[PDB]
Amino acid sequence: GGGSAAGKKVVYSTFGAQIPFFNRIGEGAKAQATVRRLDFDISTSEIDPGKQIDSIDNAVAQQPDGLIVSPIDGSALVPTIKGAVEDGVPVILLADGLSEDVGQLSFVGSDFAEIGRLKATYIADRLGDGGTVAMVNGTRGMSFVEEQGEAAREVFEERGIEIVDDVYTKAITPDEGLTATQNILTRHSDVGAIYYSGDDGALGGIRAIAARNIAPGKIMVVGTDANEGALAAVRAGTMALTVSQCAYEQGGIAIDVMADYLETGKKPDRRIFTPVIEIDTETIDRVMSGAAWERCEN
């Protein structure tokens, strides 16, 4: 060979200075970029599609050897990222994808269908004999929501678990979770489990359950993100399961993919599913002191 990634200029275009998940991806990418000896910048735009587009358009005009993008919106960004590709910049999509294939080198990020099956299986293994489930989904049509949800419905079918309410909400927020859950419980107060697209939804659900004076853990609540409130709820027994999408590892993997391509010219797999880790009341402390957890979140 004799090729090298050392010195190559790569840029990561992300958004949301305040969002913990993207902050953590930036950190894992930064750390690995140092290891691979890249000239590496992160550009972080305002939470707005138009702003991310200028930021990308702009990075493309500095002729980087590679571009990594976590896209704020999967369809509005298509023309721009397609533009970067046709301009010969290898592009990796990171954590979230686009609405159509634009010739990216790869899409690195979680398998949202796998997240759904893990959650649904957890509930299926644990539910009493006539036990039933409700689903509190986030925004209708969002890939994160829909892909995990269809995977979960398939598990519930296959395991014989009746879904008594299957609702979509405005977004994944505690307030949205709380309202949806309180309505569900007025209609189906004996539900055995409630699936939430995301943790903040679930954190709202937990408050709804408690307001009804239902005992903690009598209804199994499952979410995704492994955020700090979720980890505490799982530890306390008020939530049963959450799932980490391993933001820190995602960032490292994207850098490794790009640096290996810049070094060898060999094309990577165009879809690279990144590790996810389930955290439940029984396993959380063991899991979290392990090496896989440290690679996953640092």
# chains A, B, ... in the order shown; residues from 1 in each chain; ligands from 1

$ select_by_dssp --residues "stretch 22-268 of chain A" --states "alpha helix (DSSP H)" --output "ChimeraX atom specification"
/A:22-35,49-61,78-86,112-126,143-159,174-187,199-211,228-236,247-264

$ closest_atom_pairs --of "stretch 104-216 of chain A" --to "stretch 221-243 of chain A" --cutoff "10 Å" --atoms "only C-alpha atoms" --output "CSV"
residue,atom,partner,partner_atom,distance
A:115,CA,A:243,CA,7.2
A:116,CA,A:224,CA,9.3
A:118,CA,A:243,CA,8.6
A:119,CA,A:222,CA,6.6
A:120,CA,A:222,CA,8.7
A:122,CA,A:241,CA,7.9
A:123,CA,A:222,CA,8.2
A:133,CA,A:221,CA,9.8
A:134,CA,A:221,CA,9.9
A:135,CA,A:222,CA,9.9
A:136,CA,A:223,CA,9.8
A:192,CA,A:221,CA,9.0
A:193,CA,A:221,CA,5.8
A:194,CA,A:221,CA,5.0
A:195,CA,A:222,CA,5.2
A:196,CA,A:223,CA,5.0
A:197,CA,A:223,CA,5.9
A:198,CA,A:224,CA,4.5
A:199,CA,A:223,CA,4.6
A:200,CA,A:230,CA,7.9
A:201,CA,A:223,CA,7.6
A:202,CA,A:223,CA,6.0
A:203,CA,A:230,CA,7.0
A:205,CA,A:221,CA,8.1
A:206,CA,A:238,CA,6.8
A:207,CA,A:238,CA,9.6
A:209,CA,A:238,CA,9.5
A:210,CA,A:238,CA,9.2
A:215,CA,A:238,CA,8.7
A:216,CA,A:238,CA,4.9

$ select_by_dssp --residues "stretch 83-261 of chain A" --states "strand (DSSP E)" --output "PyMOL selection string"
chain A and resi 91-94+106-109+132-137+162-168+193-196+220-222+241-244

$ residues_around --residues "stretch 37-44 of chain A" --least-positions-apart "6" --cutoff "8 Å" --atoms "only C-alpha atoms" --output "NGL selection string"
:A and (5-17 or 26 or 30 or 52 or 55 or 259)

$ closest_residue --among "A:22, A:90, A:277, A:58" --to "residue A:107" --atoms "only C-alpha atoms"
A:90

$ residues_around --residues "residue A:102" --least-positions-apart "6" --cutoff "9 Å" --atoms "only C-alpha atoms" --output "PyMOL selection string"
chain A and resi 78-79+81-83+85

$ residues_around --residues "residue A:274" --least-positions-apart "6" --cutoff "8 Å" --atoms "only C-alpha atoms" --output "short mmCIF file (atom, residue, chain, number, x, y, z; two decimals) with N, CA and C atoms, in the first residue's frame"
data_model
loop_
_atom_site.label_atom_id
_atom_site.label_comp_id
_atom_site.auth_asym_id
_atom_site.auth_seq_id
_atom_site.Cartn_x
_atom_site.Cartn_y
_atom_site.Cartn_z
N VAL A 108 -23.46 5.61 8.51
CA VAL A 108 -23.03 5.03 9.77
C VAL A 108 -24.08 5.47 10.80
N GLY A 109 -24.69 4.49 11.47
CA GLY A 109 -25.64 4.84 12.51
C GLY A 109 -26.52 3.65 12.90
N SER A 110 -27.30 3.84 13.97
CA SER A 110 -28.02 2.71 14.55
C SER A 110 -29.01 2.12 13.55
N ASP A 111 -29.31 0.85 13.77
CA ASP A 111 -30.39 0.15 13.11
C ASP A 111 -31.65 0.31 13.96
N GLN A 245 -27.77 4.48 21.94
CA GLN A 245 -27.33 4.44 20.57
C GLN A 245 -25.86 4.71 20.46
N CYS A 246 -25.13 4.78 21.58
CA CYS A 246 -23.66 4.77 21.59
C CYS A 246 -23.04 5.90 20.77
N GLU A 249 -19.18 6.12 20.34
CA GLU A 249 -18.70 5.15 19.40
C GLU A 249 -19.04 5.46 17.95
N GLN A 250 -20.24 5.99 17.70
CA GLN A 250 -20.60 6.36 16.38
C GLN A 250 -19.53 7.30 15.77
N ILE A 253 -16.28 5.51 14.91
CA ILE A 253 -16.44 4.62 13.79
C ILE A 253 -16.48 5.42 12.50
#
